[PDB]
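Here's a solo chain for you in structure tokens, the form deposited in one PDB entry.
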């Protein structure tokens, strides 16, 4: 860390998490910028194995819609992960509160989100924490899936396993996480993509949690799309949301069928 900081300026904090923080590092000579995730392993006993997993998963990734991993190094009880600096910031800050963003921008980001998710699923990795705060943008507004601290392997070669960890950010979690002891990985990530799409189109999350005790979730199950956030959403993207935000994960739309959706394929302004 000491020789690195002699040549690289840790200009500012980019973000904070339970792990620690992400800093913007700029080389004094070349002016190259790198995001440096700093993790204090002392914050948990499981942390060395946890960060080893995030590092291991990061080593497997190579795709245009996934944040590039350069390497890592341990300095005492501190872990340093070196990542592609995504200068467009978080997708979250492209979302105007209670408004969202223009429909063509939401469509383009959603296509890039699907490309990234198809790639992860194809190598047997599930993210488990898809949300606008974990979707970054590069200097050309290309979406990059970020933050693999909760990611895990769901398929070993051509053999799937069921997951059982109640993972992620509650307004983004699929209802089976509160109903089933074990469940398929891929429909969980599909559900969270549907929540991201809802947020991009309406600038609002539809519910605290997808429970029958949550009124807003009951309203959706009852097709009350004349209520917020749904009433702000045009019928074409809402028809896709009706297929994604399906309670039973076995009846939920799969990504190959999202790719056949009319709004997904719709040429917009």
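Definition used throughout: the rigid core is the maximal C-alpha set that superposes within 1.5 Å between two forms. Residue numbers count along the first chain shown, from 1.
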property: Coordinates lacking for residue 48, a third or more of other entries; result: yes
property: Mean Cα B-factor comparison, 105-113 or 159-167, giving the higher one as deposited; result: 159-167
property: Average Cα temperature factor in the PDB entry - higher stretch of 247-255, 15-23; result: 15-23
property: Top residue by Cα temperature factor, when 242, 221, 68, 52 are compared in the entry; result: 52
property: Residue 36 - Cα temperature factor, lowest/middle/highest third of chain; result: middle
property: For residue 80, the third of its chain into which the C-alpha B factor falls; result: highest
property: Third assignment of residue 48 from its chain's C-alpha B-factors; result: highest
property: Third of chain Cα B-factors occupied by residue 210; result: highest
property: For residue 61, the third of its chain into which the C-alpha B factor falls; result: highest
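One more form of this protein exists, namely the form deposited in another entry; it is left out here, but the text below deals with it.
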| property | result |
| --- | --- |
| Conformational change between this form and the one not shown, one of 28, 223, 231, 59, C-alpha moving 2 Å or more after core fit | 28 |
| Rigid core fit then residue 263 CA moved by 2 Å or more between this form and the one not shown | no |
| Core-aligned C-alpha movement of residue 9 between this form and the one not shown reaching 2 Å | yes |
